[PDB]
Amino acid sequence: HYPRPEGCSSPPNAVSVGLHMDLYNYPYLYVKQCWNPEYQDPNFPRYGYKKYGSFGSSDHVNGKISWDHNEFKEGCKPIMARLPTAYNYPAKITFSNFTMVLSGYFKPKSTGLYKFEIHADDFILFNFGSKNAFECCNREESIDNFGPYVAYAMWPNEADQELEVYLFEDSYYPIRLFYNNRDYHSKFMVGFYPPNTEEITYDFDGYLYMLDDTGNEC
């Protein structure tokens, strides 16, 4: 059968809307290969990604969280631009070169099979489930204790991926999205097909949530 990941329960008053975001610096080797190949090291997603420090965070990240910026005209240099309004983050970022971690919970609107689809420039990792993304109600502490990727998308050669999970309406599923841009254009597209649906959506409104971190499977 299809994969059936593990989820979490919580009283509605311990639940709030949307994901948490952390933004981390990702420098060029030099500013006018110019780009840093570090993002390719296997230890980068687990510990290396924090080594240039962070620069911002947000909460309640909900709705239309994908983007495709291919309008930039210059490579090998930092370009300032804004995230979608879904991110509740007002400052411009070095959209040319940065790392982001989005985490929290995905709650399906009905029981059944969900297909996710990702498209990356440069790099997207997808962890999903309480035995794959992070522990129920213990997100801060366990965020980098993720398991083998549910999907691994990397530009140019493996930039498109998909994956299928059978989900239950009553459950909040730990979800962890890792994104990196090494240089220039940036694509973070994460979409899904709910059950019996042939048309993809990139709008997560009503699917994304955060449970309080009380260490006890809630």
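Each residue number is its position in the shown sequence, starting from 1.
*Would you class the number of unmodelled deposited residues between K32 and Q33 as none, 1 to 3, 4 to 9, or 10 or more?*
Gap between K32 and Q33: 10 or more residues without coordinates.
*Should the higher mean CA B-factor in the entry be assigned to 37-45 or to 179-187?*
Between 37-45 and 179-187, it is 37-45.
*Using only the Cα atoms and their B-factors as the entry lists them, report which of 65-73 and 147-155 averages higher.*
The recorded data point to 65-73.
*Compared with the other modelled residues in the chain, in which third is the CA B-factor of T111?*
For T111, whose C-alpha B-factor we compare with every modelled residue in the chain, the answer is the middle third.
_Could you place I79 in the lowest, middle or highest third of its chain by Cα temperature factor, using the values in the record?_
Middle third by C-alpha B-factor.
*asked:* Where does the C-alpha B-factor of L102 rank in its chain, lowest, middle or highest third?
replied: Bottom third by C-alpha B-factor.
*Within this chain, which third does the Cα B-factor at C137 fall in: lowest, middle or highest?*
CA B-factor rank for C137: highest third.
*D22: which third of its chain by C-alpha temperature factor?*
Answer is lowest: the recorded C-alpha B-factor places it there.
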